[PDB]
């Protein structure tokens, strides 16, 4: 058994890891998940008698470990700048005009700005080693055990690389509704943003695990050191490794299409399973970014369109 335990937990780990990618990430259901579940129940039982084989990125970790009675501060690897806000066609034009004066027409990448909790996740050789909140931007809290419960985040990546990436953790609308009712059956959350930040900022891994959190990876700290030369190449790269990258992202040749994208989400937004706050726009090329630089506050190559005032 102890020699065979390892063998089978290792198979177990591989298969479960594989299969969680197709449910949680590609969304090839997560419905009749039987064998998945059968397979998870066997790993859990093997770790029950051989607690020493429960690997830090074993699928078991999504269940969640024991509470912590404290969280540690973490500064740990590259500042997390915040973005300038835009509120109308026009802040948008003005944001492009300083783009053009300095670099000529520049292609943009437009993304949906998710209303959630910003986090950083770090990996070493493919392994998830640490998770943290945005904090003030230079320091945040180690929320690693609660991040392991977000089933779409990978504990082990497709290739053994060492990197740090940034994503937004959120809770889907219907999950938020579900949630609150039971809270009413017994208190009550304001909205998903505070539900997710709430779920991630409490000390008990298992209550995180029960809130059905999700996350969308949106950037790569130090992408230049890894050889990436474009914002669109960063995400793609991130997608090739196994991360969940929001698929409504689109490359925009100029401000006009930028605004066409911005109008398209403004009214297609109610139909989303998650709550979007606006639209983040970035100059795609890392070279135009260098040229525009920053005001060590806010990149001149990025703006955050904040949607309106219902």
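Residue numbers count along the first chain shown, from 1.
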**Message:** Residues without coordinates, deposited sequence, stretch from residue 186 to residue 187: is the count none, 1 to 3, 4 to 9, or 10 or more?
**Reply:** 1 to 3
**Request:** Tell me which of 240-248 and 271-279 has the higher mean C-alpha B-factor in the deposited entry.
**Result:** 271-279
**Item:** Mean Cα B-factor comparison, 27-35 or 249-257, giving the higher one as deposited
**Value:** 27-35
**Request:** Using the temperature factors in the entry, find which of 192, 205, 154, 126 has the highest value at its Cα atom.
**Result:** 192
**Fill in**
Of the residues 108, 71, 216, 95, the one whose Cα carries the largest B-factor in the deposited record is 71
**Chain-wide C-alpha B factor ranking for residue 167, given as lowest, middle or highest third** = lowest
**Request:** Please rank the C-alpha B-factors of the chain's modelled residues and tell me whether residue 284 sits in the lowest, middle or highest third.
**Result:** lowest
**Request:** Divide the modelled residues of the chain into thirds by Cα B-factor and specify which third, lowest, middle or highest, holds residue 141.
**Result:** middle
**Fill in**
Here the Cα B-factor of residue 200, set against its chain, lands in the third termed middle
**Complete:** Split the chain's modelled residues into thirds by Cα B-factor; residue 294 lands in the highest
